[PDB]
Number of protein chains: 2
Amino acid sequence: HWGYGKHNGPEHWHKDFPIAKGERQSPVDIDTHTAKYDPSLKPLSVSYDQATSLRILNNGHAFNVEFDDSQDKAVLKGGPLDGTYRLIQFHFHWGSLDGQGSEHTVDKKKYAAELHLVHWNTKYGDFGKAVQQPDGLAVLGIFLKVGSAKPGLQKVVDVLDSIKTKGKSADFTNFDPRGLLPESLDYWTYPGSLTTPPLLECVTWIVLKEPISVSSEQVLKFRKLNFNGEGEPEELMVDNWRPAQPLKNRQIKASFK
Amino acid sequence: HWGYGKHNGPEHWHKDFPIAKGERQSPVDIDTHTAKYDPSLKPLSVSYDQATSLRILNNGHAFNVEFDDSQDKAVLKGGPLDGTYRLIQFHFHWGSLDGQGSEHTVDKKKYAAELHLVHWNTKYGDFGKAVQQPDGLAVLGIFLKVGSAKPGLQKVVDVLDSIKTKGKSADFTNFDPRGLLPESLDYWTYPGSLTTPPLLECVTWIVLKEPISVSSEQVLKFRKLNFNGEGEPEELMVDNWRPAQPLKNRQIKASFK
Ligand SMILES: Nc1cc(Cl)c(S(N)(=O)=O)cc1S(N)(=O)=O
Ligand SMILES: Nc1cc(Cl)c(S(N)(=O)=O)cc1S(N)(=O)=O
Ligand SMILES: [Zn+2]
Ligand SMILES: [Zn+2]
């Protein structure tokens, strides 16, 4: 029964998931002056041309847009990564107000929301096996700020009415995640973890420097979702972000000067 | 985006909810000289000894005090009712000034506010199924006039600061709704509807004749609530009442002579 409230939120998670106090937890604050440029990092390769989305699900804390990951259709490669990582799902974290919502921060700046594109390393065969490995996942993180609308996001926001409450799903085919990417692929990278329970330390984080812009009306529709099931008292799905965790013995690398 | 303003208030609701012009809409004016005494009505049975409140919520138009309705703990029976109705929530409607705020009127008299205790018929299993039935709900309505304070109301007014804006909730356990009841259970009854969208024609209305008294300071605290979300321009939550609707082919019955 973990969640984001006073009695079950991030400060409680360590009781059920002791790794919450581990050595490579996420998210973190990105200190842009301390991050070091690494000229040995390769360009990021984001190959989403054959992506095939299947479904969208309200899982009780956010919503996941799911993909067919049974062949290499949508893959992340290059950058800090060795080998091939297949897209399985994306989701967001967001706030109750525009001044908060992101998980990562940039010189302590919080964005209104953060998009996570989750990928698993094909050398481990399946997602479930991959999360047991220190290099099992690669998450592409993208900040959202409020300003102009993101056209490529509108098909997501218009389906949210149909998955308002916990446990609802809807068909969501033919969704192109390329419409959620900023112009630049300039990034920061560090070794970390899932930001939700079970908090497994299996993620290579790749956080893009350039935010995308979404409109106030688009993020308002996120905030009309519900944490609760149908027929239960309404609890708006807002503030589903974990705050920054201690960097400990890690270095954040920059792909750019 | 229905509400109570000039451009989205009760006179607009029929566009989205055509039943607003239906044959059994609420509230109504209670013409006390036309209501007929029915000696075949049984005494009302209000059994609230085991009620267990859980939470209070600002839903953007009023606030709801919610109950655990997963067993028969707080039930309404008798009167005009067949079977057992379980308490799910209560809320109020109120005005900007003491001369208005009630939904029902009594010989055209408007009270400062009106309390609605909402109950669903256990034969339909859940609230959501109950509102689809002509005998699905029973609402106990109680008028508020301004005079002496209502001691049993003060725990509600003191929590309102913590739910000032739309979408906020707070724990609200151990609240006894018996402290909101007048001495007499003398009532009027008629078949009607929800008074808010979706305006479903599923309610047996039971309106008590005896008002309760609340102090000016108590109703002032209702009027400090906000329709708006946090960080938005302030719009005081006042005048959240629907005016009287046409009686059409209905009879109001009185439990008393
Ligand atoms: N399965 C999963 C995997 C990752 Cl990697 C992440 S996150 N937030 O670390 O990207 C979140 C989730 S989920 N669906 O529990 O929110
Ligand atoms: N759910 C509900 C049920 C009833 Cl019955 C009524 S009322 N005003 O008819 O009592 C009001 C509401 S609510 N929460 O939308 O204001
Ligand atoms: Zn995430
Ligand atoms: Zn009401």
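Residues numbered from 1 in each chain as written, not as in the entry; some residues may be left out. Chains lettered and ligands numbered in written order. Heavy atoms only, no water.

Chain A is annotated in the PDB entry as Carbonic anhydrase 2 from Homo sapiens. The PDB lists this entry under the title "Human Carbonic Anhydrase II complexed with Althiazide". Here is the UniProt Sequence similarities comment for chain A, exactly as written: "Belongs to the alpha-carbonic anhydrase family." (UniProt positions renumbered as here; feature names shortened; annotations may be inferred.)

What follows concerns the coordination of the zinc ion (ligand 3). Residue and element names in this part refer to chain A. Within the protein, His 91 (NE2), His 93 (NE2) and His 116 (ND1) serve as the donor atoms for the zinc ion (ligand 3), at 2.0 Å. Angles of 98 to 115° at the metal separate the 4 donor atoms of the zinc ion (ligand 3), which places the site in the tetrahedral class. In the primary sequence, the donor residues of the zinc ion (ligand 3) line up as H-x1-H-x22-H. For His 93, a relative accessible area of 2% translates into the label buried. (Donors = N, O, S within 2.8 Å, 3.2 Å for Na, K, Ca; no water. Tetrahedral: all angles 85-135°; square planar, octahedral: opposite > 155°, others 65-115°. Buried < 20%, exposed > 50% of the residue type's maximum accessible area, 1.4 Å probe, protein only.)

Glancing now at the coordination of the zinc ion (ligand 4). All names here are of chain B. Binding of the zinc ion (ligand 4) to the protein goes through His 91 (NE2), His 93 (NE2) and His 116 (ND1), at separations of 2.0 Å. Geometry at the zinc ion (ligand 4) is tetrahedral, judged from its 4 donor atoms and the angles of 98 to 115° they form at the metal. Binding-site remark: the zinc ion (ligand 4) is held by donors from one chain whose sequence spacing is H-x1-H-x22-H. Placement of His 93 in strand β7 (residues 85-94) and of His 116 in strand β9 (residues 113-121) is noted, with a sequence separation of 23 residues between them. In terms of burial, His 93 and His 116 fall into one category: buried. (Helix = DSSP H or I, 4+ residues; strand = E, 2+ residues; numbered from the N terminus.)

Turning our attention to the interface of chain A and chain B. Contact residues are listed per partner, giving 6 residues for chain A and 7 residues for chain B. The junction of chain A with chain B conceals about 480 Å² of combined surface from both sides, 54% of it contributed by carbon and sulfur atoms. Ranking the residues of chain A by area buried against chain B places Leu 97, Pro 233 and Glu 234 of chain A at the top, with a combined share of 61%. Inspection of the chain A/chain B interface yields 0 salt bridges. On the surface where chain A and chain B come into contact, there are 1 residue pair in polar contact. Here the side of chain A that touches chain B is composed, by residue class, of 3 nonpolar, 1 polar and 2 charged. (Contact = heavy atoms within 4.5 Å. Buried area = accessible area lost by both parts, 1.4 Å probe. Salt bridge = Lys/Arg side-chain N within 4 Å of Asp/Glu carboxyl O. Polar contact = N/O pair within 3.5 Å; in protein donor to acceptor, adjacent residues only side chain to side chain. Nonpolar A, V, L, I, M, F, W, Y, C, P; charged D, E, K, R; others polar.)

Attention shifts here to the site of ligand 2. Residues and elements named next belong to chain B. Residues in contact with ligand 2 amount to 14 residues; listed here are only the nearest, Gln 89, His 91, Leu 194, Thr 195 and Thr 196. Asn 64 is positioned such that a nitrogen or oxygen atom in its side chain is 3.3 Å from a nitrogen atom of ligand 2. In the model, a nitrogen atom of ligand 2 is placed 3.2 Å from a nitrogen or oxygen of the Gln 89 side chain. In isolation ligand 2 has 400 Å² of accessible area, and contact with the protein removes 90% of it. Listing elements by their share of the shell around ligand 2, those giving two or more residues are β7, β9 and β10 (137-146). Among the elements that line the shell around ligand 2, the one with the most residues is β7, at 3 residues. The residue makeup of the shell around ligand 2, split by class, is 6 nonpolar, 8 polar and no charged. (Near = heavy atom within 4 Å. Areas by Shrake-Rupley, 256 points an atom, 1.4 Å probe, with all protein chains shown as cover.)

What follows concerns the UniProt feature "active site" in chain A. Residues and elements named next belong to chain A. Feature annotation in UniProt assigns "active site" to the following positions: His 61. Within the secondary structure, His 61 is located in the loop between β4 (53-58) and β5 (63-67). Residues contacting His 61, with those up to four places away along its chain left out, are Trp 2, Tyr 4, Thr 196, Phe 227, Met 237 and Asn 240.

All names here are of chain B. Within the structure shown, the criterion is met by 18 salt bridges over all chains. One salt bridge connects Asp 38 with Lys 253, and the closest N-O pair in it is separated by 3.6 Å. Of the two residues, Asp 38 sits in the loop between β2 (36-37) and β3 (44-47) while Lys 253 sits in strand β15 (residues 253-254), which places them 215 residues apart along the sequence.

This brings us to the UniProt feature "binding site: Zn(2+)" in chain A. Residues and elements named next belong to chain A. Look at the UniProt record and you will see "binding site: Zn(2+)" annotated at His 91, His 93 and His 116. Separation in sequence by 26 residues is not matched in space for these annotated residues, since their most distant C-alpha atoms are only 8.2 Å apart. Position of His 91 among the secondary structure elements: in strand β7 (residues 85-94). Judged by its relative accessible area of 12%, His 91 falls in the buried class. In contact with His 91, other than residues within four places in its own chain, are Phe 63, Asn 64, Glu 114, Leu 115, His 116 and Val 118. Within the structure, the side chain of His 91 is placed 3.2 Å from the side chain of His 93, a separation counted as a polar contact. Apart from the residues lying within four places of it in its own chain, the contact partners of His 93 are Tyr 4, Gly 101, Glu 103, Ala 113, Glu 114, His 116, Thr 195, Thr 196, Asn 240 and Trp 241.

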